[PDB]
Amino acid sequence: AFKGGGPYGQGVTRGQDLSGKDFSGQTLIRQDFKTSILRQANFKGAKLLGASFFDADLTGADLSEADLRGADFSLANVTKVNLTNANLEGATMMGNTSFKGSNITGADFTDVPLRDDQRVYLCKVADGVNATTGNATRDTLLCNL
């Protein structure tokens, strides 16, 4: 329970080194993690609607079962992140974002705009149904049409 729980002021989370910090299950709607370091951070089941991970480093983080609707992952390092059952409906991930090594089993990528190259990679590793939405990960990604 990071700093006993919060809510957290934006100054607490923005441009900070928060590696290995535990935010699991917390309400973090529109929390500003822009350009923070979040390696191995725990966001399992966190509520992160509209949160900013703009140019954050999420390497190895747990975002499994997180509510990430409308969150911004543009320019983020999302390598080796657990996104099992994460809801990314309407999130953004512009530019040089890397998802290399990430587990996206049952992730929901509805209305997430993707470049061809991002869709190609994600579709190589995409499977499952979202425990929450029953959308098929491959369909949200439009892998097969």
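Residue numbers run from 1 along the displayed sequence.
Remark: stretch with higher mean C-alpha B factor among 14 to 22 and 129 to 137 is 129 to 137. The mean Cα B-factor in the deposited entry runs higher for 91 to 99 than for the other of 91 to 99 and 63 to 71. For the set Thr105, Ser52, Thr35, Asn42, the maximum C-alpha B-factor listed in the entry falls on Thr105.
When the modelled residues of the chain are ordered by their C-alpha B factor, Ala86 lands in the middle third. Remark: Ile29 belongs to the lowest third of its chain, ranked by C-alpha B-factor as recorded. Placement of the Cα temperature factor of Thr110 within the chain: highest third of the modelled residues, per the deposited record.
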